[PDB]
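Asks: Residue numbers (the deposited numbering), protein chains in the order written: chain Ah, 311 to 387; chain AJ, 52 to 189; chain Ai, 4 to 102; chain AC, 36 to 167; chain Ao, 55 to 163, 201 to 227; chain AE, 88 to 172; chain Ak, 51 to 244; chain AN, 28 to 128.
In this text, a Cβ means the ideal position worked out from N, Cα and C, and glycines have one as well.
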Amino acid sequence: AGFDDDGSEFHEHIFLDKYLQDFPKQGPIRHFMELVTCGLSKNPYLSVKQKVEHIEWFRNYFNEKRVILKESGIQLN
Amino acid sequence: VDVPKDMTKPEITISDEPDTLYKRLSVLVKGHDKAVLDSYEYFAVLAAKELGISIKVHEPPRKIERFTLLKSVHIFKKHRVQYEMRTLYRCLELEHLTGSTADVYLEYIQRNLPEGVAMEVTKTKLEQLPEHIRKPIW
Amino acid sequence: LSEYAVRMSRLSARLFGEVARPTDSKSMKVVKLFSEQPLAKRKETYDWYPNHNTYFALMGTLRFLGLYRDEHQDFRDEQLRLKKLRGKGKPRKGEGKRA
Amino acid sequence: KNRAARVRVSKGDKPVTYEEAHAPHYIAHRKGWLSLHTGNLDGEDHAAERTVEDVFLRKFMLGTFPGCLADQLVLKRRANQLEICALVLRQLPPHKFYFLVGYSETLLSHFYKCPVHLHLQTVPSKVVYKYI
Amino acid sequence: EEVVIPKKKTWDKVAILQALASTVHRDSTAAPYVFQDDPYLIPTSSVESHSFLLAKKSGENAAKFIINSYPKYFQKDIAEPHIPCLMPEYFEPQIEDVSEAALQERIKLXXXXXXXXXXXXXXXXXXXXXXXXXXX
Amino acid sequence: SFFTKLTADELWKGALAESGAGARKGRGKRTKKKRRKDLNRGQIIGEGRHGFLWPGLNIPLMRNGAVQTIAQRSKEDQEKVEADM
Amino acid sequence: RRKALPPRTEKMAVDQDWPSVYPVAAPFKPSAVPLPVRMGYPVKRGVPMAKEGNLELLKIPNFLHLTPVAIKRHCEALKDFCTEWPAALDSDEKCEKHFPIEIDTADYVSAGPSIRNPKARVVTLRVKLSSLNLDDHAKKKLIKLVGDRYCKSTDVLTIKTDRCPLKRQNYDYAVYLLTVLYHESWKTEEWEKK
Amino acid sequence: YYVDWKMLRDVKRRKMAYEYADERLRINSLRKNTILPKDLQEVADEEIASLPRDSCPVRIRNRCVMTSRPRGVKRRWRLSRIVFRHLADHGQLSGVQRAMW
RNA sequence: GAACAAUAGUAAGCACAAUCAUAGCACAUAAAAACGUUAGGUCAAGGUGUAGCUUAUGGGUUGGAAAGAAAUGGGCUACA
Ligand SMILES: [Mg+2]
Ligand SMILES: [Mg+2]
Ligand SMILES: [Mg+2]
Ligand SMILES: [Mg+2]
Ligand SMILES: [Mg+2]
Ligand SMILES: [Mg+2]
Ligand SMILES: [Mg+2]
Ligand SMILES: [Mg+2]
Ligand SMILES: [Mg+2]
Ligand SMILES: [Mg+2]
Ligand SMILES: [Mg+2]
Ligand SMILES: [Mg+2]
Ligand SMILES: [Mg+2]
Ligand SMILES: [Mg+2]
Ligand SMILES: [Mg+2]
Numbered sequence: 311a312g313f314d315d316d317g318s319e320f321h322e323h324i325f326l327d328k329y330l331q332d333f334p335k336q337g338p339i340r341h342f343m344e345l346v347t348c349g350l351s352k353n354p355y356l357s358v359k360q361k362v363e364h365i366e367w368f369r370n371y372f373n374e375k376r377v378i379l380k381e382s383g384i385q386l387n
Numbered sequence: 052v053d054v055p056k057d058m059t060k061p062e063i064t065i066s067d068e069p070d071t072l073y074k075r076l077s078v079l080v081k082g083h084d085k086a087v088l089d090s091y092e093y094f095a096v097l098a099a100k101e102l103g104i105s106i107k108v109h110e111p112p113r114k115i116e117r118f119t120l121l122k123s124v125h126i127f128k129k130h131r132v133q134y135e136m137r138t139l140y141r142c143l144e145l146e147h148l149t150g151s152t153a154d155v156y157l158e159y160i161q162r163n164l165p166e167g168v169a170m171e172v173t174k175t176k177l178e179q180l181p182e183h184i185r186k187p188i189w
Numbered sequence: 004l005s006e007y008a009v010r011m012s013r014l015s016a017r018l019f020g021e022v023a024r025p026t027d028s029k030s031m032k033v034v035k036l037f038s039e040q041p042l043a044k045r046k047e048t049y050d051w052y053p054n055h056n057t058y059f060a061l062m063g064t065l066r067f068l069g070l071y072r073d074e075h076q077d078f079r080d081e082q083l084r085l086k087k088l089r090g091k092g093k094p095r096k097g098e099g100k101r102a
Numbered sequence: 036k037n038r039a040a041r042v043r044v045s046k047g048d049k050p051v052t053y054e055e056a057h058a059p060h061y062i063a064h065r066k067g068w069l070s071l072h073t074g075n076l077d078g079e080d081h082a083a084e085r086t087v088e089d090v091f092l093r094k095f096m097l098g099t100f101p102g103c104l105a106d107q108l109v110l111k112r113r114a115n116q117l118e119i120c121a122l123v124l125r126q127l128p129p130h131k132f133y134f135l136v137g138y139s140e141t142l143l144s145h146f147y148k149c150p151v152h153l154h155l156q157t158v159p160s161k162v163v164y165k166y167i
Numbered sequence: 055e056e057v058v059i060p061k062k063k064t065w066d067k068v069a070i071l072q073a074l075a076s077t078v079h080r081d082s083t084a085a086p087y088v089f090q091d092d093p094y095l096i097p098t099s100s101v102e103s104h105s106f107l108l109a110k111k112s113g114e115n116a117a118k119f120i121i122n123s124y125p126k127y128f129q130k131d132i133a134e135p136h137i138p139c140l141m142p143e144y145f146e147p148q149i150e151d152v153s154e155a156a157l158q159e160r161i162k163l201x202x203x204x205x206x207x208x209x210x211x212x213x214x215x216x217x218x219x220x221x222x223x224x225x226x227x
Numbered sequence: 088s089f090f091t092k093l094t095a096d097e098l099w100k101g102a103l104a105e106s107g108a109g110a111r112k113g114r115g116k117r118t119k120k121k122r123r124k125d126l127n128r129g130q131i132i133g134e135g136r137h138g139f140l141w142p143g144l145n146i147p148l149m150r151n152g153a154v155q156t157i158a159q160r161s162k163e164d165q166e167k168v169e170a171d172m
Numbered sequence: 051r052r053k054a055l056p057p058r059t060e061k062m063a064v065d066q067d068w069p070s071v072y073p074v075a076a077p078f079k080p081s082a083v084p085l086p087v088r089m090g091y092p093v094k095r096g097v098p099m100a101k102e103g104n105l106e107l108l109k110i111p112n113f114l115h116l117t118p119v120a121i122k123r124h125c126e127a128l129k130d131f132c133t134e135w136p137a138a139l140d141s142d143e144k145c146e147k148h149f150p151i152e153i154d155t156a157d158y159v160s161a162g163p164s165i166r167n168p169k170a171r172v173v174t175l176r177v178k179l180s181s182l183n184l185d186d187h188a189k190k191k192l193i194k195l196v197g198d199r200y201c202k203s204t205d206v207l208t209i210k211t212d213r214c215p216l217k218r219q220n221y222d223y224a225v226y227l228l229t230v231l232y233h234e235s236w237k238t239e240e241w242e243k244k
Numbered sequence: 028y029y030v031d032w033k034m035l036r037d038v039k040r041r042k043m044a045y046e047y048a049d050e051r052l053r054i055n056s057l058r059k060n061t062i063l064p065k066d067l068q069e070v071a072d073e074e075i076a077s078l079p080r081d082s083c084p085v086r087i088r089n090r091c092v093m094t095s096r097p098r099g100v101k102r103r104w105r106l107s108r109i110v111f112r113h114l115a116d117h118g119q120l121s122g123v124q125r126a127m128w
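(1) Whose Cβ in chain AJ lies nearer than 7 angstroms to the Cβ of Ao/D66?
(2) Give the secondary structure of AJ/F94 by DSSP, where H, G and I count as helix, E and B as strand, and everything else as coil.
(3) Alpha carbon to alpha carbon, how far is AJ/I188 from Ak/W236?
(4) Tell me the start and end of each unbroken beta strand (DSSP E) in the segment 119-164 of chain AC that is at least 3 residues and wholly inside, in chain order.
(5) Counting C-beta neighbours from all protein chains within 10 Å, is the total for Ao/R80 16 or more, i.e. buried, or is it exposed?
(6) Mapping DSSP to helix, strand and coil, what is AC/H57?
(7) For Ao/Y94, go through chain Ai and note every residue whose CB falls closer than 7 angstroms to its CB, in chain order.
(8) Would residue 24 of chain AN pass as a contact of AN/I87 if the rule is Cβ separation under 9 angstroms?
(9) Evaluate the contact criterion for the segment 131-142 of chain AJ versus the segment 42-52 of chain AC: three or more CB pairs, one atom per stretch, below 8 angstroms.
(10) For the candidate residues AN/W32, AN/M93, AN/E73, whose alpha-carbon lies nearest to that of AN/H113?
(11) In the DSSP assignment, find the beta strand (DSSP E) that holds Ao/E134 and state where it starts and stops.
(12) Contact check, AC/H57 vs AC/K66 under 8 angstroms by CB: the rounded distance?
(13) List the whole-angstrom C-beta distance separating AJ/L79 from Ak/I151, where the pair is believed to meet the contact cut-off of C-beta under 8 angstroms.
(14) Suppose the cutoff is 6 angstroms on Cβ atoms and the five residues either side in sequence are ignored; what does the same chain contact list for Ak/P80 look like?
(15) Would you mind giving the Cβ-Cβ distance between AC/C120 and AC/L108, rounded to the nearest angstrom? I have them listed as a contact below 8 angstroms.
(16) Given this structure, state the Cα-to-Cα distance separating Ao/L157 from AJ/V54, to the nearest angstrom.
(17) Would you kindly work out how many angstroms separate the C-alpha atoms of Ah/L356 and Ai/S12, rounded to a whole number?
(18) Give, in chain order, every unbroken run of the alpha helix (DSSP H) that is at least 4 residues long and sits entirely within the segment 332-366 of chain Ah.
(19) Tell me, please, whether the CB atom of AC/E140 is closer than 9 angstroms to any CB atom in chain Ak?
(20) In chain AC, which residues lie less than 8 angstroms from Ao/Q90 when you measure between Cβ atoms?
(21) To be precise: take each residue of the segment 68-83 of chain Ai, compare its Cβ to all Cβ atoms of chain AC, and keep it if any distance is under 8 angstroms. Which residues remain?
(22) Taking 9 angstroms as the cut-off, decide whether the C-beta atoms of Ak/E146 and Ak/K178 are in contact.
(23) Of all Cβ atoms in chain AE, is any one closer than 9 angstroms to the Cβ of AC/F91?
(24) Below 8 angstroms, is the gap between the Cβ of AN/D31 and the nearest heavy atom of ligand 1?
(25) What's the gap between the Cα of AC/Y166 and the Cα of AC/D48?
(26) Could you tell me the boundaries of the alpha helix (DSSP H) in which Ao/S76 lies?
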């Protein structure tokens, strides 16, 4: 009572694959981000917006550090 | 002699949405002392028999939590003080209830719940089948 | 272990939302990090100490207003008054050492 | 010798109340607890949150009713609303008693974000159980 | 065909509480509920009852005055539902420099109402027919 | 720091040290004086440092037939009251 | 000017209704209770302390507002809000045939300003596989797909959901899980042929 | 004021840990994984080292609420073993009694 | 300040006892054990009387608080 979680549903929490479209599909970035998504989906302590902000933080961190991923030997975007 | 007139004016309406059915309602009342639990059990049985619920009541086993602390302030470990916390449980088993009957019984139970006890409510909601499992082929 | 069994296990994790592709226990730590709330964010941790400043300020303001009466503070004030009357008070800041 | 919550025996003239006349080993045997809540049960939580509020209430009421308080408070916690039962000597006029109870029933409620009830029982003097 | 599913009944949050209240009528030998039941605090005469009610209200408003004067001591919220009626109130405008925001803040909170309009008219600010109606 | 405070009875009991271990057999009697002063002798409940006048404690509840609001004493009147105290 | 008023005991009627005096929970004020009750450990020559100034009586909760007459009077007025249980579901044998799905939901109450109980997010869904339309191959695939959540002896599948913060979201996720398990138990893929 | 300067500093440590809870949680993911190359993990080590010292939850010490005692404090009541006894013996805590068996 | 085939002893009360807890008794265990002795331990759980600090005996950051020539108390592993 008194907590609606912004009127969200189970699909806004469990299914977060729609936020991983701006990532290399066949690279280790997907391997790490699927683990992150699985961890976030099983987290009742956070709302959808905080998970979206975490995904955005990972996105901008990866898009900012471009020299290290190219130097590592694996082609990433 | 001075009894007020027209003292009843409730707002009760019946909606077309089918009422929810419950198979079993389990009420686990945890407390510290047994006299309060026995009085509450008698009160709950008397309230349920008026509404016709046929409540089943049994007593779950107690739980005792004991811990040990130092008896003195600075240095005395050979002498200790042991504290005990008792938790006694009462189980109220209600069967064959509806959504409104369970709601009103829970209202009349929680509105008069004592201060030294807590209550855990477990509802077994009855449902036939969802829409996508009745008779689909992919 | 068979090829049918490993495929069934892989499908079970995908359907349940668990980790589908094989991962190491060392890599499941990052899964658990987002699965469980961090300790620094837990209420039992970040809300451990109540606001003693708020409690003290409220009690002192009520004592000054005339609603609460703090016997400990009254005893401290009486003892300080008696000490100052005797002649051993609190030296002014900056003159204790040199002067 | 045990000295916790134990009042020492004088020559035989000290008035002692029932709560003081019993040692802490008689709790739940001859005397009950001064406070009741759910945080001290088995599968419940938020014990320290209620404990700090209980201590603050004890100190605040002791300072609010100076010298007219007979015994310690009885703090009941029943469904989000907390009741404070007190035994007060009839030293203050009823006009001042009502002012204090009205001030408290609002200040405590606004400070703890929960409804508070305050009940006072006026006694002619401190009730003595053992020798006096 | 054999299954019988009855309909549900929807009632207000206080409907059942009013139904329970209707069962118990006013007592004969009992003092009014607002007054304390202890005989030393039970009113004896009508003037005493009125004085006790006024003293209780003066205590309540005295406490509310302290709550409003010191809002920072009540900013901490403990209840999950976050009841707003127990929160401290503020009597100060949010914006001071902007006349259009100062007028709407000072109309609802008498003496400062004329000063807000005087300050707004000092800078030759055009006031519409909506802010002026509330100021009047 | 409010929770670190205690009762005046316990404060005086520890300050006077009436039940000290050295005073039992007779090692004391050197500073043969033991005076305890009650701080709540002339303490009126409603009065405080700020000099607020509350309708229920300091001033009467009703004046001139009208209800009384919360008042505050003037600076010099408060100084006179403090001088009397 | 001290005033001492006699309590309500001298004015209590012999046949006065008790719920009128004690409608709700009360701190057991001695002035409103005409019953002389002595609570406390007696003395060698003394007697247990009377109801006046007795802290032990105020310590214990009082059920004076829940006397049987008041219980009957309150429950009589509550018959208008309750609904009738259908007689067609008296025995669980027909209940299993009509509503095979059982939904266990946990609700908790606790004294204090807080209502949020983290144990309330768990939702259990119990379904008997004997009441569904799975074929032999679909049942054999579903048993291995669910694993230990299906009891072989009881033939009951249990789905325990706690991932969603809200109970409604957990219930929606559980019904979605049941739907997707039923749909995937029928699809025969390429790797099932080996 | 607070009970002690140690408790005052611990309050600041807890506030800083709560402030930096998200940043440290995000950074530790890059360090506790094996999928990502160690080249970025080494830089993430410097990134998490550049954080303020009091930001980590490790510096948080569980003291007593009443007396700020660094040890002998039960986690359930957040009180020292001595204040807890002083309150239980007075009977201000429900369900607490001397163990007799 | 006592003689039971009784010679100045009554005695509130605190102790002991009884009672309570280890969910049936008994037993046992647990608990309790007064007034006082050891100026016994604790200003470092916490507050404190007196005597002392206030650009310091106060408040913040970093780094270190080893090591065993040797003696000994209590436990674990064994010497089959
Ligand atoms: Mg200090
Ligand atoms: Mg630490
Ligand atoms: Mg004697
Ligand atoms: Mg026994
Ligand atoms: Mg025995
Ligand atoms: Mg012993
Ligand atoms: Mg004994
Ligand atoms: Mg010595
Ligand atoms: Mg020694
Ligand atoms: Mg000191
Ligand atoms: Mg020292
Ligand atoms: Mg340092
Ligand atoms: Mg050695
Ligand atoms: Mg050995
Ligand atoms: Mg070996």
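Replies: Taking the coordinates as given:
(1) For the purposes of this step, residue 66 of chain Ao is taken as the residue at position 12 of the fifth sequence. The contacting residues are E62.
(2) Locating residue 94 of chain AJ in the second sequence gives position 43, where the first residue counts as 1. Helix, per DSSP.
(3) By one-based count along the second sequence, residue 188 of chain AJ stands at place 137. By one-based count along the seventh sequence, residue 236 of chain Ak stands at place 186. Their backbone Cα atoms lie some 8 angstroms apart in a straight line.
(4) Counting only runs of 3 or more residues that sit fully inside the segment 119-164 of chain AC, the beta strand (DSSP E) segments are 151-158, in chain order.
(5) As a first step, residue 80 of chain Ao is located in the fifth sequence; it is residue number 26 there, counting from the start. Looking at its Cβ environment, which holds fewer than 16 other Cβ atoms inside 10 Å, Ao/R80 is exposed.
(6) Taking the fourth sequence and counting its residues from 1, the one referred to as residue 57 of chain AC is at position 22. Coil at AC/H57, not helix or strand.
(7) Position 40 of the fifth sequence, counting from 1, holds the residue named residue 94 of chain Ao. Within 7 angstroms Cβ-Cβ: nothing; Ao/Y94 doesn't reach chain Ai, min ~22 angstroms.
(8) For chain AN, the structure presents residues 28 to 128; residue 24 of chain AN sits outside this window and is missing.
(9) no
(10) Here residue 113 of chain AN refers to the residue found at position 86 when the eighth sequence is read from its first residue. It is AN/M93 whose Cα lies nearest to the Cα of AN/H113.
(11) Locating residue 134 of chain Ao in the fifth sequence gives position 80, where the first residue counts as 1. That residue, Ao/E134, is in no beta strand (DSSP E); it is neither H nor E in DSSP.
(12) In the fourth sequence, the residue the question calls residue 57 of chain AC occupies position 22. In the fourth sequence, the residue the question calls residue 66 of chain AC occupies position 31. Indeed they touch by this definition, with Cβ atoms about 5 angstroms apart.
(13) As a position in the second sequence, residue 79 of chain AJ is number 28, starting the count at 1. As a position in the seventh sequence, residue 151 of chain Ak is number 101, starting the count at 1. So it is not a contact: roughly 23 angstroms between Cβ atoms.
(14) Here the question's residue 80 of chain Ak lines up with position 30 in the seventh sequence. Result list for Ak/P80: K101, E102, in chain order.
(15) As a first step, residue 120 of chain AC must be located in the fourth sequence, where it is residue number 85. As a first step, residue 108 of chain AC must be located in the fourth sequence, where it is residue number 73. Right, the Cβ-Cβ distance comes to about 7 angstroms (below 8 angstroms), so this counts as a contact.
(16) Here residue 157 of chain Ao refers to the residue found at position 103 of the fifth sequence. Here residue 54 of chain AJ refers to the residue found at position 3 of the second sequence. Using only the alpha carbons, I get a separation of about 54 angstroms.
(17) Position 46 of the first sequence, counting from 1, holds the residue named residue 356 of chain Ah. Position 9 of the third sequence, counting from 1, holds the residue named residue 12 of chain Ai. Looking at the two C-alpha atoms, the distance is approximately 29 angstroms.
(18) Taking only runs of at least 4 residues, the alpha helix (DSSP H) segments lying wholly in the segment 332-366 of chain Ah are 338-351.
(19) In the fourth sequence, counting from the first residue as 1, residue 140 of chain AC sits at position 105. Answer no: the Cβ-Cβ gap between AC/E140 and chain Ak never drops below 9 angstroms.
(20) In the fifth sequence, residue 90 of chain Ao corresponds to position 36, counting from 1. Chain AC residues near Ao/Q90: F132, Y133, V136, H154, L155.
(21) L70, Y71, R72, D73, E74
(22) Here residue 146 of chain Ak refers to the residue found at position 96 when the seventh sequence is read from its first residue. Here residue 178 of chain Ak refers to the residue found at position 128 when the seventh sequence is read from its first residue. Yes, the pair counts as a contact, with Cβ atoms nearer than the cut-off.
(23) Taking the first residue of the fourth sequence as 1, we reach residue 91 of chain AC at position 56. So, interface residue.
(24) As a first step, residue 31 of chain AN is located in the eighth sequence; it is residue number 4 there, counting from the start. Under cutoff, so the answer is yes.
(25) Within the fourth sequence, the letter at position 131 stands for residue 166 of chain AC. Within the fourth sequence, the letter at position 13 stands for residue 48 of chain AC. Between AC/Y166 and AC/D48, the C-alpha separation is close to 7 angstroms.
(26) Indexing the fifth sequence from 1 puts residue 76 of chain Ao at position 22. Here the alpha helix (DSSP H) through Ao/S76 covers 69-77.
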